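Here the protein sequences line up with chains B, A and D, keeping their order. Each residue of the first sequence is one higher than the last, beginning at 316 in PDB author numbering. Each residue of the second sequence is one higher than the last, beginning at 1 in PDB author numbering. Each residue of the third sequence is one higher than the last, beginning at 148 in PDB author numbering. Below is one structure, written out as structure tokens; the observations come after it.
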Amino acid sequence: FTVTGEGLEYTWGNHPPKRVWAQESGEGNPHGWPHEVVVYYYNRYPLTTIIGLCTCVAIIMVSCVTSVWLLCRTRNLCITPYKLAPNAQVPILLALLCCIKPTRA
Amino acid sequence: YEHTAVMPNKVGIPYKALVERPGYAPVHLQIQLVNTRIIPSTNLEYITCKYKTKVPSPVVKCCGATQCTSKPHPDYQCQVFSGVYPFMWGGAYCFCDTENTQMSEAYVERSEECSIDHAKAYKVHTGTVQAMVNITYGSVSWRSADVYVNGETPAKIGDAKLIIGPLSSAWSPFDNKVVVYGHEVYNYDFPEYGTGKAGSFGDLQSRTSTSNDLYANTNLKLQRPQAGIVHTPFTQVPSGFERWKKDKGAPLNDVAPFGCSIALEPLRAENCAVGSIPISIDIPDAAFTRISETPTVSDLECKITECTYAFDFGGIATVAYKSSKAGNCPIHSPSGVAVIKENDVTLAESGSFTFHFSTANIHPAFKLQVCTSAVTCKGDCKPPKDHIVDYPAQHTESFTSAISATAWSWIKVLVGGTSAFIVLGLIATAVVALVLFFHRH
Amino acid sequence: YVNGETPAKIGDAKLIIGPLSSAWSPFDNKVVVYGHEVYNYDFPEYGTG
């Protein structure tokens, strides 16, 4: 019988009913490596840690592609007024720091 | 002094509070519930039991014919058989051959056991809720008397005056119609005293166990006596009440939620746990001492020795204090993080004392007040070794009770870094836009 | 009886009277009966006066 924190009462034959409650022992360890914190909350909350892990891997995935959509849009605007004219002198700050493509010619 | 608060609807867990009258020392207050009975109002509709079909003596005419009259009896039956030629002891009973008549009437009446076991049909309505409360305050011992759970009627216990507030929910385990057979209660529907399908539950309904009028359908039907034997046979369907005692499910005292044990004599529903109960109490003015006649503590330092997750009293901590004089003053933690086992401490001049507490958090961040002076407490707790215990939890589990310090750090890392990685992306497009405007002119 | 289940035998015929189409009642939740008349009054509920 699955006993949760609310409790469970069972009767057997002509014996009086007995109530038992479940504690929060678990198996995992919360203060440790990332392969142990996930295990500990998988036993204590099996219904929530598979949604929150899927939510946090979806917020990160959406935020990763939106940022590189804006970063590469910044990147080709560094080059498009400078690679159209090869005689224009590229400053040494814009070669590596502000945008990736280094100077030439 | 009037002190109003809200207590939960838990039986075994006491409610501890600290009243604060200005100019006076605080007084400890402990309220505990001992019962919780919900008593609905019932009116009995009818009873039912097993029948008993009695047969009177039939008349035997030697050669003739009679027809019976319709008698005011439940399920009365008549059927006249012609030409029986019956035999008894000492030769044939009658002389006129091939033309005889047997009456053979029958009807249905109640049985002798209907005064012992019978199912009673009830309709319930919302009634009164009554509870018993254990009360102590200050140096006065525990005093107990029953109360009424409604926000109007007061109860005088000891020298105080308590008004228990109305329940926050109107949940009741009873259906609109119930059947009370013997010891246990069932949720069932009635055929409403005018119908009955002769074999299920309402084949014999009487409004009162001592009533005169009775309704019964049992498909009673007489048969023809054979071979010249003076007897009246009949066939009918068996008892529905006898059939009901086999094919009945689980009673209401084994099905009902929230652990409501069901008693019978007023048909209450004892010891449910749903909602919360507001309180209002009147502590007498003789239980308040002046503020100048009490110790005033200072230099409080709290260190938690051992803490654990277990449900019952899991935590020991030490508090170092410095008091002006020796005396007694209570302790209380007003937050919901931890509850306190003790109620008061005996003080000295610059000593120490210990208290016991129970909590559900990994890192307790609660504070306690002793001698109208507060002190915070922090520490770490371990999971308990035991798996199943036979007592309810003293504490309340919150939403952030299970989140540790390491798990909080991964939340801030996985939110702050991804938010700044868009903010840097958003501020990157605000740099070349200003640069492009400078390049235009 | 005014309910759609219980039959009544009037002589030989059998009449079933259906339920009323309106659930209207003139009484309140709390009434006071003095003498031979009723009043739709509220109560102190045995604790106040």
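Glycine included, each C-beta is placed from N, C-alpha and C at the ideal position.
- The Cβ-Cβ distance between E342 (chain B) and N358 (chain B) falls below 8 Å.
- Per DSSP, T208 (chain A) is not a residue of any beta strand (DSSP E), being assigned neither H nor E.
- Using a CB distance cut-off of 8 Å, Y193 (chain D) counts as an interface residue toward chain A.
- Pairing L386 (chain B) with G425 (chain A) gives a Cβ-Cβ distance under 8 Å.
- Following the DSSP letters along the chain, one finds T381 (chain B) in no beta strand (DSSP E) but inside the alpha helix (DSSP H) bounded by residues 364-394.
- Nearest to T210 (chain A) by C-alpha distance, out of A:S324, A:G182, A:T53, A:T48, is A:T48.
- Around the beta carbon of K50 (chain A), a 10 Å sphere encloses 16 or more other beta carbons of the protein chains shown; the residue is thus reported as buried.
- Unbroken alpha helix (DSSP H) stretches of 4 residues or longer found wholly inside the segment 331-373 of chain A: none.
- Shortest Cα-Cα distance from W336 (chain B) to any of A:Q394, A:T406, A:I427 involves A:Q394.
- It is roughly 16 Å from the alpha-carbon of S350 (chain A) to the alpha-carbon of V375 (chain A).
- Contact between the segment 148-165 of chain A and the segment 110-119 of chain A is absent: fewer than 3 CB-CB pairs across the two stretches fall below 8 Å.
- A residue is called buried once 16 or more other Cβ atoms fall within 10 Å of its Cβ, and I362 (chain A) is buried on that count.
- Rounded to the nearest whole angstrom, the C-alpha separation of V339 (chain A) and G259 (chain A) is 24 Å.
- The C-beta distance from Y188 (chain D) to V178 (chain D) rounds to 7 Å, short enough to fall under 8 Å.
- Put simply, the CB of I388 (chain A) is near chain B, with a gap under 8 Å to one of its CB atoms.
- Excluding its 5 nearest sequence neighbours in each direction, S41 (chain A) has C-beta neighbours in its own chain below 6 Å: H125, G127, listed in chain order.
- Under the Cβ criterion (8 Å, minimum of three pairs), the segment 167-178 of chain A counts as touching the segment 272-286 of chain A.
- Taking 8 Å as the threshold, the shortest C-beta distance from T218 (chain A) to chain D does not fall below it.
- Taking the C-beta atoms as reference points, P56 (chain A) is found no nearer than 8 Å to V230 (chain A).
- Annotation: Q226 (chain A) to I39 (chain A) spans about 59 Å, alpha carbon to alpha carbon.
- A Cβ-Cβ contact shorter than 8 Å links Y46 (chain A) with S206 (chain A).
- Residue contact with chain A for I365 (chain B): absent (no Cβ-Cβ distance below 8 Å to any residue of chain A).
- Taking C-beta atoms under 8 Å as the contact rule, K378 (chain A) and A365 (chain A) qualify, at a distance of about 6 Å.
- With respect to chain D, the C-beta atom of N150 (chain A) has a partner C-beta closer than 8 Å.
- Annotation for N43 (chain A): the continuous beta strand (DSSP E) segment containing it runs 37-48.
- Residue pairing by DSSP puts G315 (chain A) in a beta bridge opposite A:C307.
- Around the beta carbon of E301 (chain A), fewer than 16 other beta carbons sit within 10 angstroms, so the residue counts as exposed.
- Beta-carbon to beta-carbon, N271 (chain A) and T36 (chain A) are separated by about 5 Å, close enough to satisfy the 8 Å threshold.
- The beta carbons of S382 (chain B) and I422 (chain A) sit closer together than 8 Å.
- Under the DSSP definition of a beta bridge, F87 (chain A) partners with A:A92, A:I229.
- Judged by their CB atoms, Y137 (chain A) and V11 (chain A) are not nearer to each other than the 8 Å cut-off.
- In this structure, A317 (chain A) and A348 (chain A) do not form a Cβ contact; the two beta carbons are roughly 18 Å apart against a cut-off of 8 Å.
- Closer than 8 Å to the CB of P154 (chain A) there is at least one CB belonging to chain D.
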